[PDB]
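Worksheet: the structure to be examined is printed underneath.
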Amino acid sequence: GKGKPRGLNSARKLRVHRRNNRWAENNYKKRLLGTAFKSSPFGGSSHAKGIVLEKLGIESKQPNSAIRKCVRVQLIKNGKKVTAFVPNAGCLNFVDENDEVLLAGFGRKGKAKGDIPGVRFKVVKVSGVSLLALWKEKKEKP
Amino acid sequence: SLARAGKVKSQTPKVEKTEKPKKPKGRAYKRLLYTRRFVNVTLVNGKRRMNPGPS
Amino acid sequence: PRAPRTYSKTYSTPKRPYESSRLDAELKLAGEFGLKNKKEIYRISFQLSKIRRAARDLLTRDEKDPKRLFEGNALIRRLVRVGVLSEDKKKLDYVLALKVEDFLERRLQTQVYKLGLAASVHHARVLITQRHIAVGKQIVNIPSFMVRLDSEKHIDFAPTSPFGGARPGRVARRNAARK
RNA sequence: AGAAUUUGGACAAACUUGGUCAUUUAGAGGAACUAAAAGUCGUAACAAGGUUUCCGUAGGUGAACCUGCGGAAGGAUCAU
RNA sequence: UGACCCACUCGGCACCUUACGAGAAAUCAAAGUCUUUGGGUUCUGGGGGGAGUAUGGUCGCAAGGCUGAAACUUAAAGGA
RNA sequence: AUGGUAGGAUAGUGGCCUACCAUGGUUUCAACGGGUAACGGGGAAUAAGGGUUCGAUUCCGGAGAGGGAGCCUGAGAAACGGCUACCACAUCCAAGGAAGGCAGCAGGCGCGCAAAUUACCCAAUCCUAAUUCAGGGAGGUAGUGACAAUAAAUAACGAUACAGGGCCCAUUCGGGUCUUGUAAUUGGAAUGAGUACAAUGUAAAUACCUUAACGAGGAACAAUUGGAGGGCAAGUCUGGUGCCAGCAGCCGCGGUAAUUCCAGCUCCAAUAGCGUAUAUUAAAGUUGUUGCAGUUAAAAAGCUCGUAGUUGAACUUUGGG
């Protein structure tokens, strides 16, 4: 006689005692307050527009040393101030201050990647022309 | 520091793509693959290293 | 607005992606049967996986119930017409013991090969894309066709075609216009 | 026919005032948090860690922490 | 009659022994009948911290409880 | 607020609004409230099944016309290329007074990561007339255009100077006769990318398709972008530097012979296209119904009662003809 009511008329007490439970399970937490719209940068999104400030330097977390390349942004929305991260080379160079940049996630949700600490985004485009190209030289910049 | 921005991909031996008798590109990448993966054997020392690094 | 026109993909990919398991049985397929891309091994795979349940579905009606027989005897005769399964096997039952590999022989791609009129499997194909082969007096330009058993004997070469008629064929309006 | 105007009405622009949600953001000052190459005073824990650790509570305590009650064993015993 | 012995049983409170099974293992008659995946239903968790704090809302006379963030930071923290 | 009864109201119905009346209607099967960086859907990405996100945007609805209101015409508007005001904008001025709404095409400004010519036509496509004939930045079509997508050139074939990888003989050369090949002499053939008569096309041209004339020898008519420890294809090559420059998505290199940095040669991968950052997907059986975990890894409530919720023993014509 495990812990649940079982007979026939035990609809009522079931549609409640899952709907309570669900709570805790983290996911169903995000989706009811859902956080996504109020908290976090993109709100209910995937991508966005921003414009750079400084070119900050963030060393490592440690089993590592690794002085990586990050940029503060200004979005073109809530305004948060965010940092974000660059790929490939130096990549830095090609992000010349107060330029237009196109930001996206980091495929991890929330969370925070690899050897970087409070950091949660990547730089996809600039000006809107790739980075991918303004490192495999299929275009160049204005 | 930002200095060392790029440092490596400066000092890269530039080096070139090399020209070729190109690779055929479709059906025909099947008749070509097939022949290698295993129809002449190919090699019989246990099994087949797909791409051996010169010993 | 208008009747929004209706369409299902045929493909159903795999559940695990990579495997030196199942992989090195596609490349044993392509290959042996012509084909091209993996977007064939997986078309079929779908359409067998399609039929397969309409059996499962039945079997679980009783036997004898109207629906079960009708489809079976309608289901079956759809596969007798395409050569797929024999005469002698059709109880129902049994269509289940049909692996990928039976269907492939009844693709025009290869039925040409067997009707040799083709050096290897290849010379079996350009031969279809190039308007060359023909069922009635009618061209077909697509490897995946599926041989309807009672045609088969009517498989050509057409009037149009260069290998049975209307003219020599381009490269010949050249060896006769430089001596 | 019937213009200006005009009675009272319903419509309700507007604006002033409060009064409030709801986002913002200032700020003498406090209180924490975390990141750092090697600054301090200690040695609490991991061995029976030299008083065996731990919980919940209550009061102490330059600081780690120490002491009462009752638990627990993750114990240093599954033993008359 | 009663204590007793034994035979049997139903209900306990445990224990030994196997492992056909399960498991990361240590071990487990249940942690078994689970990729051959489904008897009934209530709670909970989804990296480590920040922190069960700040906040609001509430129960208490108070100690305090129940509710319960985020920014920030981090490539491990952990189990056997 | 919810109904009754009657009237006004409308093109009508109805608390639409008012006379009087009754006290109802919604609510844990989530109402009312707060949020939405929400216009809805058709559908788009993803694609084994089940799924997760995005649909301001080529069609169907609705909503605005700088905010707000009110109404003149007409069947047909609460119209904004129609008017009154009001307010927030901002234009002319002889300062008396006038006049004004690109979120129609264009265009400039501002904003900002972020997106194009004040160009040519009613010839198609269709609509407006009183109407065959006007007119129609609706539409079309050029310009700019790497958003994507389709096709696919950038060199072929000789022969040679050797090297060969075979073979027929090797009593020792080595030739040889079927073959790829490093070549820094090679010579005949082949084309269009560009240029350009004509025809074409075009309302009118550009282009395309055609084609006379032209046009391929390497110093051209020259193909790039990203790596070459691992993940993960491929340099224990040379040069410089010495925990400093710098690289490195993560593990990590660098403190005097660096397979990582700067750079030379060399090779590897995509290739007219590569990278880079962001968001989303699969990967994710790390949100899970199909398919999770809860003895100690993060998790069984302190234990029991309970109104909802949810499940609920079996038995009511089978068999035979």
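All residue names refer to the structure tokens as shown: chains lettered A, B, ... in order, residues numbered from 1 in each chain, ligands numbered from 1 in order.
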Interface, chain D side, toward chain A (12 Å; only C-alpha atoms (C1' of nucleotides)) as a PDB file with N, CA, C and O atoms (P, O5', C5', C4', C3', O3' and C1' of nucleotides), in the first residue's frame:
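Final output, saved to out37.pdb:
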```pdb
ATOM      1  P     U D  23       8.247  46.123 -10.509  1.00  0.00           P
ATOM      2  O5'   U D  23       9.483  47.112 -10.719  1.00  0.00           O
ATOM      3  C5'   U D  23      10.546  46.835 -11.658  1.00  0.00           C
ATOM      4  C4'   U D  23      10.372  47.679 -12.899  1.00  0.00           C
ATOM      5  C3'   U D  23      11.401  48.778 -13.100  1.00  0.00           C
ATOM      6  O3'   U D  23      12.532  48.309 -13.823  1.00  0.00           O
ATOM      7  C1'   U D  23       9.207  49.656 -13.401  1.00  0.00           C
ATOM      8  P     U D  24      14.529  47.512 -11.703  1.00  0.00           P
ATOM      9  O5'   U D  24      14.848  48.766 -12.633  1.00  0.00           O
ATOM     10  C5'   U D  24      14.486  50.089 -12.201  1.00  0.00           C
ATOM     11  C4'   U D  24      14.830  51.118 -13.251  1.00  0.00           C
ATOM     12  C3'   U D  24      15.871  52.149 -12.815  1.00  0.00           C
ATOM     13  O3'   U D  24      17.017  52.078 -13.648  1.00  0.00           O
ATOM     14  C1'   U D  24      13.690  53.125 -12.960  1.00  0.00           C
ATOM     15  P     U D  34      32.031  34.105   0.460  1.00  0.00           P
ATOM     16  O5'   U D  34      33.119  34.180  -0.703  1.00  0.00           O
ATOM     17  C5'   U D  34      32.909  33.459  -1.935  1.00  0.00           C
ATOM     18  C4'   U D  34      32.915  34.386  -3.128  1.00  0.00           C
ATOM     19  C3'   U D  34      34.243  34.505  -3.847  1.00  0.00           C
ATOM     20  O3'   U D  34      35.294  33.546  -3.823  1.00  0.00           O
ATOM     21  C1'   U D  34      33.209  36.638  -3.672  1.00  0.00           C
ATOM     22  P     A D  35      35.798  32.847  -5.162  1.00  0.00           P
ATOM     23  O5'   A D  35      36.452  34.037  -6.001  1.00  0.00           O
ATOM     24  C5'   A D  35      36.971  33.796  -7.335  1.00  0.00           C
ATOM     25  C4'   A D  35      37.821  34.948  -7.830  1.00  0.00           C
ATOM     26  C3'   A D  35      39.312  34.847  -7.513  1.00  0.00           C
ATOM     27  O3'   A D  35      40.205  33.797  -7.860  1.00  0.00           O
ATOM     28  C1'   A D  35      38.468  36.987  -6.855  1.00  0.00           C
ATOM     29  P     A D  36      41.729  33.899  -7.400  1.00  0.00           P
ATOM     30  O5'   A D  36      42.168  35.329  -7.958  1.00  0.00           O
ATOM     31  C5'   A D  36      43.467  35.588  -8.546  1.00  0.00           C
ATOM     32  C4'   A D  36      44.412  36.183  -7.521  1.00  0.00           C
ATOM     33  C3'   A D  36      45.007  35.368  -6.374  1.00  0.00           C
ATOM     34  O3'   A D  36      46.430  35.352  -6.324  1.00  0.00           O
ATOM     35  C1'   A D  36      44.468  37.570  -5.665  1.00  0.00           C
TER      36        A D  36
END
```
Problem set entry | Long-range neighbours of region 136-139 of chain C as a PyMOL selection string, 7 Å cut-off, only C-alpha atoms (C1' of nucleotides), 2 positions minimum in chain | chain C and resi 131+133-134+141+154+158
For this session: Compile the contact shell of region 20-32 of chain C as a count of residues only: residues with an atom at most 10 Å away, counting only C-alpha atoms (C1' of nucleotides), same-chain residues fewer than 2 positions apart removed.
Result: 25
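All of the residues in chain E within 12 Å of chain A are residues 39, 40, 41, 42, 43, 44, 45, 46, 47, 48, 49, 50, 68, 69, 70, 71, 72, 73, 74, 75 and 76 of chain E, where only C-alpha atoms (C1' of nucleotides) were counted.
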Please produce a file of those selected residues containing C-alpha atoms (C1' of nucleotides), as a PDB file, in the first residue's frame.
```pdb
ATOM      1  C1'   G E  39       0.341  -2.592 -11.352  1.00  0.00           C
ATOM      2  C1'   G E  40      -1.894   2.087  -8.075  1.00  0.00           C
ATOM      3  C1'   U E  41      -0.735   7.457  -6.653  1.00  0.00           C
ATOM      4  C1'   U E  42       1.793  12.038  -2.840  1.00  0.00           C
ATOM      5  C1'   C E  43       6.046  14.835  -2.070  1.00  0.00           C
ATOM      6  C1'   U E  44      11.231  16.039  -3.957  1.00  0.00           C
ATOM      7  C1'   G E  45      16.619  17.279  -7.298  1.00  0.00           C
ATOM      8  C1'   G E  46      18.714  18.751 -11.746  1.00  0.00           C
ATOM      9  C1'   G E  47      26.722  21.419 -11.927  1.00  0.00           C
ATOM     10  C1'   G E  48      29.827  23.707  -7.300  1.00  0.00           C
ATOM     11  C1'   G E  49      29.215  27.909  -4.469  1.00  0.00           C
ATOM     12  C1'   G E  50      26.649  33.026  -3.495  1.00  0.00           C
ATOM     13  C1'   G E  68      12.349  31.561  -0.961  1.00  0.00           C
ATOM     14  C1'   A E  69      15.473  35.146  -4.993  1.00  0.00           C
ATOM     15  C1'   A E  70      19.037  37.384  -8.229  1.00  0.00           C
ATOM     16  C1'   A E  71      23.612  39.814  -9.426  1.00  0.00           C
ATOM     17  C1'   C E  72      28.112  37.959  -9.131  1.00  0.00           C
ATOM     18  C1'   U E  73      31.551  34.309  -9.351  1.00  0.00           C
ATOM     19  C1'   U E  74      33.526  28.948 -10.861  1.00  0.00           C
ATOM     20  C1'   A E  75      35.938  23.747 -13.866  1.00  0.00           C
ATOM     21  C1'   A E  76      35.107  21.119 -10.872  1.00  0.00           C
TER      22        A E  76
END
```
Exercise. Can you list, as a PyMOL selection string, every protein, DNA or RNA residue that comes within 8 Å of region 1-7 of chain F when you count only C-alpha atoms (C1' of nucleotides), leaving out same-chain residues fewer than 4 positions away?
Worked result: chain F and resi 21-25
Keeping only C-alpha atoms (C1' of nucleotides), take the residues you just selected and write them out as a PDB file, in the first residue's frame.
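Contents of part05.pdb, as written:
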```pdb
ATOM      1  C1'   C F  21     -37.745  45.762  -8.733  1.00  0.00           C
ATOM      2  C1'   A F  22     -35.150  40.744  -6.943  1.00  0.00           C
ATOM      3  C1'   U F  23     -29.617  39.387  -4.927  1.00  0.00           C
ATOM      4  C1'   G F  24     -27.545  37.257  -7.561  1.00  0.00           C
ATOM      5  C1'   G F  25     -22.944  35.828 -11.461  1.00  0.00           C
TER       6        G F  25
END
```
Problem set entry | alpha helix (DSSP H) per DSSP on the backbone: members of chain C, as number ranges by chain | C: 43-57, 66-69, 100-105, 126-129
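In this model, the gap between CA of residue 107 (chain C) and CA of residue 143 (chain C) comes to 7.1 Å.
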For this session: Show which residues sit within 9 Å of region 6-13 of chain B, as a list in words. Count only C-alpha atoms (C1' of nucleotides), and ignore same-chain residues fewer than 2 positions away.
Result: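 Neighbouring residues, sequence-local ones excluded: residues 88, 89, 90, 91, 92 and 93 of chain A; 3, 4, 15 and 16 of chain B; 245, 246, 247, 260, 261, 262, 263, 264, 265 and 266 of chain F.
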Chain C contacts to chain F at 7 Å (only C-alpha atoms (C1' of nucleotides)) as a PDB file with N, CA, C and O atoms, in the first residue's frame:
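The resulting file, result06.pdb, is shown below:
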```pdb
ATOM      1  N   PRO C   1      -5.369  32.373 -48.020  1.00  0.00           N
ATOM      2  CA  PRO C   1      -6.467  31.537 -48.474  1.00  0.00           C
ATOM      3  C   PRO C   1      -6.583  31.564 -50.001  1.00  0.00           C
ATOM      4  O   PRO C   1      -7.688  31.401 -50.547  1.00  0.00           O
ATOM      5  N   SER C  12      13.291   9.062 -42.270  1.00  0.00           N
ATOM      6  CA  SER C  12      13.286   8.920 -40.811  1.00  0.00           C
ATOM      7  C   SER C  12      14.683   8.523 -40.338  1.00  0.00           C
ATOM      8  O   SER C  12      15.043   7.340 -40.344  1.00  0.00           O
ATOM      9  N   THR C  13      15.456   9.521 -39.911  1.00  0.00           N
ATOM     10  CA  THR C  13      16.898   9.365 -39.722  1.00  0.00           C
ATOM     11  C   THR C  13      17.233   8.352 -38.631  1.00  0.00           C
ATOM     12  O   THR C  13      16.338   7.736 -38.046  1.00  0.00           O
ATOM     13  N   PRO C  14      18.535   8.157 -38.374  1.00  0.00           N
ATOM     14  CA  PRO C  14      18.973   7.425 -37.209  1.00  0.00           C
ATOM     15  C   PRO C  14      19.524   8.374 -36.156  1.00  0.00           C
ATOM     16  O   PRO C  14      18.794   9.235 -35.675  1.00  0.00           O
ATOM     17  N   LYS C  15      18.569   6.008 -34.486  1.00  0.00           N
ATOM     18  CA  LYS C  15      18.430   7.009 -33.441  1.00  0.00           C
ATOM     19  C   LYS C  15      19.804   7.520 -33.009  1.00  0.00           C
ATOM     20  O   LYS C  15      19.935   8.664 -32.574  1.00  0.00           O
TER      21      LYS C  15
END
```
Exercise. Chain A residues within 12 Å of chain B, counting only C-alpha atoms: which ones, as a ChimeraX atom specification?
Worked result: /A:54-59,66-71,86-94,135-136
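Non-sequential neighbours of residue 96 (chain C) (distance at most 9 Å, separation of 5 or more positions within a chain, only C-alpha atoms (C1' of nucleotides)) are residues 48, 51, 52, 53, 55 and 56 of chain C.
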Using only C-alpha atoms (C1' of nucleotides), find each residue in chain F having at least one atom no more than 7 Å away from chain A; report its shortest atom-to-atom pair and that distance in Å (one decimal), rows by chain then rising number, as a Markdown table.
```
| residue | atom | partner | partner_atom | distance |
| --- | --- | --- | --- | --- |
| F:36 | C1' | A:37 | CA | 6.9 |
| F:37 | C1' | A:43 | CA | 6.6 |
| F:113 | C1' | A:100 | CA | 2.7 |
| F:114 | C1' | A:128 | CA | 6.7 |
| F:225 | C1' | A:136 | CA | 3.5 |
| F:226 | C1' | A:136 | CA | 5.1 |
| F:249 | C1' | A:87 | CA | 6.7 |
| F:250 | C1' | A:114 | CA | 5.5 |
| F:252 | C1' | A:64 | CA | 6.9 |
| F:273 | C1' | A:138 | CA | 6.5 |
| F:274 | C1' | A:136 | CA | 4.9 |
| F:275 | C1' | A:132 | CA | 2.9 |
| F:276 | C1' | A:131 | CA | 2.8 |
| F:277 | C1' | A:124 | CA | 2.0 |
| F:278 | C1' | A:104 | CA | 2.2 |
| F:279 | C1' | A:46 | CA | 3.2 |
| F:280 | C1' | A:46 | CA | 5.6 |
| F:287 | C1' | A:27 | CA | 6.3 |
| F:308 | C1' | A:12 | CA | 4.9 |
| F:309 | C1' | A:12 | CA | 2.4 |
| F:310 | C1' | A:14 | CA | 3.6 |
| F:311 | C1' | A:6 | CA | 4.6 |
| F:312 | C1' | A:8 | CA | 3.3 |
```
Exercise. Which neighbours of region 153-160 of chain F fall inside 10 Å, counting only C-alpha atoms (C1' of nucleotides), when residues of the same chain fewer than 3 positions from it are skipped, and could you give them as an MDAnalysis selection string?
Worked result: chainID F and resid 183 185:190 192:193 216 221:223
Any chance you can output those residues with N, CA and C atoms (P, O5', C5', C4', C3', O3' and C1' of nucleotides) as a PDB file, in the first residue's frame?
```
ATOM      1  P     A F 183      58.372  18.212 -59.143  1.00  0.00           P
ATOM      2  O5'   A F 183      58.154  17.877 -60.690  1.00  0.00           O
ATOM      3  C5'   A F 183      58.662  18.713 -61.760  1.00  0.00           C
ATOM      4  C4'   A F 183      59.492  17.880 -62.721  1.00  0.00           C
ATOM      5  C3'   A F 183      60.938  18.348 -62.974  1.00  0.00           C
ATOM      6  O3'   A F 183      61.897  17.615 -62.212  1.00  0.00           O
ATOM      7  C1'   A F 183      59.852  17.592 -64.971  1.00  0.00           C
ATOM      8  P     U F 185      62.100  22.236 -67.981  1.00  0.00           P
ATOM      9  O5'   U F 185      62.042  23.188 -69.258  1.00  0.00           O
ATOM     10  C5'   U F 185      62.729  24.460 -69.296  1.00  0.00           C
ATOM     11  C4'   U F 185      63.309  24.684 -70.674  1.00  0.00           C
ATOM     12  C3'   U F 185      62.290  24.720 -71.812  1.00  0.00           C
ATOM     13  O3'   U F 185      61.950  26.072 -72.142  1.00  0.00           O
ATOM     14  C1'   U F 185      64.010  23.097 -72.256  1.00  0.00           C
ATOM     15  P     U F 186      60.445  26.456 -72.573  1.00  0.00           P
ATOM     16  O5'   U F 186      60.116  25.374 -73.702  1.00  0.00           O
ATOM     17  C5'   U F 186      59.295  24.216 -73.424  1.00  0.00           C
ATOM     18  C4'   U F 186      59.613  23.071 -74.370  1.00  0.00           C
ATOM     19  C3'   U F 186      58.555  22.781 -75.440  1.00  0.00           C
ATOM     20  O3'   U F 186      58.981  23.182 -76.745  1.00  0.00           O
ATOM     21  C1'   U F 186      58.604  21.038 -73.836  1.00  0.00           C
ATOM     22  P     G F 187      58.692  24.677 -77.287  1.00  0.00           P
ATOM     23  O5'   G F 187      58.608  24.467 -78.864  1.00  0.00           O
ATOM     24  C5'   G F 187      57.406  24.736 -79.613  1.00  0.00           C
ATOM     25  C4'   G F 187      56.737  23.444 -80.020  1.00  0.00           C
ATOM     26  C3'   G F 187      55.301  23.587 -80.536  1.00  0.00           C
ATOM     27  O3'   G F 187      55.196  23.990 -81.900  1.00  0.00           O
ATOM     28  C1'   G F 187      55.349  21.979 -78.838  1.00  0.00           C
ATOM     29  P     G F 188      54.121  25.118 -82.343  1.00  0.00           P
ATOM     30  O5'   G F 188      53.175  24.313 -83.347  1.00  0.00           O
ATOM     31  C5'   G F 188      51.733  24.288 -83.222  1.00  0.00           C
ATOM     32  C4'   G F 188      51.211  22.870 -83.340  1.00  0.00           C
ATOM     33  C3'   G F 188      49.715  22.694 -83.089  1.00  0.00           C
ATOM     34  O3'   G F 188      48.952  22.761 -84.293  1.00  0.00           O
ATOM     35  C1'   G F 188      50.916  21.348 -81.572  1.00  0.00           C
ATOM     36  P     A F 189      47.962  23.998 -84.553  1.00  0.00           P
ATOM     37  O5'   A F 189      46.841  23.802 -83.438  1.00  0.00           O
ATOM     38  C5'   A F 189      45.686  22.979 -83.682  1.00  0.00           C
ATOM     39  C4'   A F 189      45.297  22.227 -82.426  1.00  0.00           C
ATOM     40  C3'   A F 189      43.905  22.247 -81.808  1.00  0.00           C
ATOM     41  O3'   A F 189      42.695  22.219 -82.558  1.00  0.00           O
ATOM     42  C1'   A F 189      45.612  21.790 -80.163  1.00  0.00           C
ATOM     43  P     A F 190      41.687  23.442 -82.469  1.00  0.00           P
ATOM     44  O5'   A F 190      41.457  23.598 -80.899  1.00  0.00           O
ATOM     45  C5'   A F 190      40.754  22.572 -80.172  1.00  0.00           C
ATOM     46  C4'   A F 190      40.039  23.121 -78.955  1.00  0.00           C
ATOM     47  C3'   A F 190      39.658  24.599 -78.943  1.00  0.00           C
ATOM     48  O3'   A F 190      38.674  24.960 -79.929  1.00  0.00           O
ATOM     49  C1'   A F 190      40.491  23.968 -76.821  1.00  0.00           C
ATOM     50  P     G F 192      33.436  29.771 -76.031  1.00  0.00           P
ATOM     51  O5'   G F 192      33.383  30.649 -74.697  1.00  0.00           O
ATOM     52  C5'   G F 192      32.800  30.144 -73.470  1.00  0.00           C
ATOM     53  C4'   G F 192      33.197  31.002 -72.283  1.00  0.00           C
ATOM     54  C3'   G F 192      32.907  32.498 -72.416  1.00  0.00           C
ATOM     55  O3'   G F 192      31.703  33.249 -72.108  1.00  0.00           O
ATOM     56  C1'   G F 192      35.230  32.189 -72.177  1.00  0.00           C
ATOM     57  P     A F 193      31.093  33.443 -70.589  1.00  0.00           P
ATOM     58  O5'   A F 193      32.221  34.272 -69.816  1.00  0.00           O
ATOM     59  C5'   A F 193      32.840  33.753 -68.605  1.00  0.00           C
ATOM     60  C4'   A F 193      33.793  34.751 -67.966  1.00  0.00           C
ATOM     61  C3'   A F 193      33.718  36.216 -68.400  1.00  0.00           C
ATOM     62  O3'   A F 193      32.603  36.954 -67.870  1.00  0.00           O
ATOM     63  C1'   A F 193      35.989  35.555 -68.190  1.00  0.00           C
ATOM     64  P     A F 216      45.360  35.716 -75.686  1.00  0.00           P
ATOM     65  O5'   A F 216      45.066  35.424 -74.150  1.00  0.00           O
ATOM     66  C5'   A F 216      46.134  35.158 -73.223  1.00  0.00           C
ATOM     67  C4'   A F 216      46.531  33.699 -73.253  1.00  0.00           C
ATOM     68  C3'   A F 216      46.071  32.860 -74.447  1.00  0.00           C
ATOM     69  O3'   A F 216      46.949  32.967 -75.562  1.00  0.00           O
ATOM     70  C1'   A F 216      45.985  31.637 -72.383  1.00  0.00           C
ATOM     71  P     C F 221      48.278  39.197 -66.317  1.00  0.00           P
ATOM     72  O5'   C F 221      46.946  38.397 -65.935  1.00  0.00           O
ATOM     73  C5'   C F 221      45.813  38.347 -66.849  1.00  0.00           C
ATOM     74  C4'   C F 221      44.529  37.880 -66.174  1.00  0.00           C
ATOM     75  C3'   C F 221      44.613  36.692 -65.207  1.00  0.00           C
ATOM     76  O3'   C F 221      43.491  36.716 -64.312  1.00  0.00           O
ATOM     77  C1'   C F 221      43.540  36.027 -67.188  1.00  0.00           C
ATOM     78  P     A F 222      43.475  35.844 -62.944  1.00  0.00           P
ATOM     79  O5'   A F 222      44.822  34.995 -63.032  1.00  0.00           O
ATOM     80  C5'   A F 222      44.945  33.714 -62.387  1.00  0.00           C
ATOM     81  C4'   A F 222      46.198  33.642 -61.542  1.00  0.00           C
ATOM     82  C3'   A F 222      45.992  33.457 -60.044  1.00  0.00           C
ATOM     83  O3'   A F 222      45.765  32.080 -59.781  1.00  0.00           O
ATOM     84  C1'   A F 222      47.886  34.848 -60.548  1.00  0.00           C
ATOM     85  P     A F 223      42.313  33.189 -59.873  1.00  0.00           P
ATOM     86  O5'   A F 223      43.016  32.448 -58.639  1.00  0.00           O
ATOM     87  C5'   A F 223      43.822  33.152 -57.662  1.00  0.00           C
ATOM     88  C4'   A F 223      43.175  33.122 -56.295  1.00  0.00           C
ATOM     89  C3'   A F 223      43.891  32.300 -55.205  1.00  0.00           C
ATOM     90  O3'   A F 223      43.763  32.988 -53.967  1.00  0.00           O
ATOM     91  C1'   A F 223      41.697  31.498 -55.542  1.00  0.00           C
TER      92        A F 223
END
```
For this session: May I ask for the distance between CA of residue 30 (chain A) and CA of residue 108 (chain A), given in Å to one decimal place?
Result: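 So the answer is 14.9 Å.
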Problem set entry | Straight-line distance linking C1' of residue 320 (chain F) with CA of residue 62 (chain C), stated in Å to one decimal | 18.7 Å
